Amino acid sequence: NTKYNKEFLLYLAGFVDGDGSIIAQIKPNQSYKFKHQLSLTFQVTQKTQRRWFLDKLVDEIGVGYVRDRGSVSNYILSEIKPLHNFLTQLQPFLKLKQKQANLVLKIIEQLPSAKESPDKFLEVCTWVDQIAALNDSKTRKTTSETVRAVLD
């Protein structure tokens, strides 16, 4: 892993609480077993002028990347093992997004177990619902209950 110092973890938990985003998706893909991918994405969208912030932010955390969208850039971390580490250390300090982080961790820890059984998959898809609910969910298309459809 990598072990994050407490001064830094404190600041970050603050900044994540206000300006930052924890996303959980079920992505229709024909390529998979259950024909859905479970993606966890942690992300912070800054204004490209400020990319230095997201870049320093890449260097400090030591994992993940910055994508330039044009006027805006994101810091993205989709890598599961580092993500899990990041979110365990941050969770204790989160005053707002704490539950979503705990839900991301629960989802991750159970990921392998979910590939095995169909109805076990849906139990995990519900948590990626519960996560969605804790954001203001707009364009959401694929839910846990969309999956149950095909699974039959």
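Numbering starts at 1 and runs along the sequence shown.
**Q** Looking at the entry, does 124-132 or 10-18 show the higher mean C-alpha B-factor?
**A** The stretch with the larger average C-alpha B-factor is 124-132.
**Q** Quick check: 109-117 versus 92-100, which has the larger average CA B-factor in the record?
**A** On average, C-alpha B-factors are higher across 109-117.
**Q** Compare the C-alpha B factor of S71 with those of the other modelled residues in its chain, then answer lowest, middle or highest third.
**A** CA B-factor rank for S71: highest third.
**Q** Where does the C-alpha B-factor of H84 rank in its chain, lowest, middle or highest third?
**A** Its C-alpha B-factor, which the entry lists for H84, ranks in the lowest third among residues of this chain.
**Q** Please place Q25 in the lowest, middle or highest third of its chain by C-alpha B factor as given in the entry.
**A** Lowest third.
**Q** Ranking the modelled residues of this chain by C-alpha B-factor as given in the entry, is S39 in the lowest, middle or highest third?
**A** Lowest third of the chain for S39's C-alpha B-factor.
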